[PDB]
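Starting off, we have a lone chain in the form deposited in one PDB entry, written out as C-alpha cells.
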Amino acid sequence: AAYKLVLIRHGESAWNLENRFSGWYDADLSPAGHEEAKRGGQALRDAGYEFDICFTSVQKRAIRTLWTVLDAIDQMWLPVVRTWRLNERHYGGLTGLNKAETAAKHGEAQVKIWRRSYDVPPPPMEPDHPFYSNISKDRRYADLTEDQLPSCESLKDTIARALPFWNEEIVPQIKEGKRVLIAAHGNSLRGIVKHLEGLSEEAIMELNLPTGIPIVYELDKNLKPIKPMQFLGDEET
C-alpha cells in the first residue's frame, strides 16, 4: 500500500495498580508498563520498522512509551511532536478516585450510565478538587483557550479535540510520505481509529486497543485502510 502508520498505546501506569482514574493526571508507567513498552519496541525492531516523525501527548506515560520504543529501534534522533490533543480522556471529578470510591459516591446506576454512554460526561473537576491545581493550573496548558481546557470530557469530547490534530498536523505529514509513529492513550487513539475505519459510536466504545503492542495500518493515498489493523509481536501476543 501507499502508506504505513503505527500506533502504540502505553502500558500499565502507577495509578492502574491503584485502580484510580488518571485521565489528565500525569501518572508514570509502572515497571511492568515500562517492560511492555520495551517488548513493543523490540517487536518493531525485529520487523525492521523505520519512522520519520513521532507524535505523542504531553503525558509522561505515553512519552516514556515513545522513548522506550525509540531506544529499542535505535531511532532516538527522530523528530518528536508532543500535543495535549492526544492526551487521555479527562475524567473530571472522578480523577483520583478508585473503583470503590466511585461506586460509593455515585451508585452503580450512575456509574453504568457513564460507562456505556458516548456523550454524557463525568462530573466536572471543580476548584476544590484535590487535583484541580495539579492539572488545570499546570503551565503545560498555559496556552490553551478557556474553551479548550476541559473540566471533564465524554468520549465524544475527547475524540472531538483529538481529530483536529490528526487532520491538521498528522495527515499532511503522512501525505508528505513521512512514516508516522503515534504513541498515545486508549481514548485518543480511539478517536484516530474511529476516523480511519469509519466506526460507529457503539463500535468504537466496544473497541479496546491492546497495550504496549504496535498496531499497524496499511493505508491507500486517501488514508483509507486496505485491510484490518495488524498487531506486531510474537505469536502469543
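Only the largest set of C-alpha atoms that superpose within 1.5 Å between the two forms is called the rigid core. Residue positions are given as counts along the sequence shown, with the first one as 1.
Remark: stretch with higher mean C-alpha B factor among 71 to 79 and 110 to 118 is 110 to 118. When the mean C-alpha temperature factors of 138 to 146 and 80 to 88 are read from the deposited coordinates, 138 to 146 comes out higher.
In the PDB entry, residue 195 places in the highest third of its chain by CA B-factor. Ranked by Cα temperature factor within the chain, residue 23 sits in the lowest third according to the deposited record. In the deposited entry, the Cα temperature factor of residue 105 places it in the lowest third of its chain's modelled residues. When the modelled residues of the chain are ordered by their C-alpha B factor, residue 208 lands in the highest third. In this PDB entry, residue 167 carries a Cα temperature factor that places it within the highest third of its chain's modelled residues.
The same protein has a further form, the form deposited in another entry, not shown here; the description that follows concerns it.
When both forms sit on the same rigid core, the CA shifts between this form and the one not shown reach 2 angstroms or more only at 104 out of 104, 160, 142, 76.
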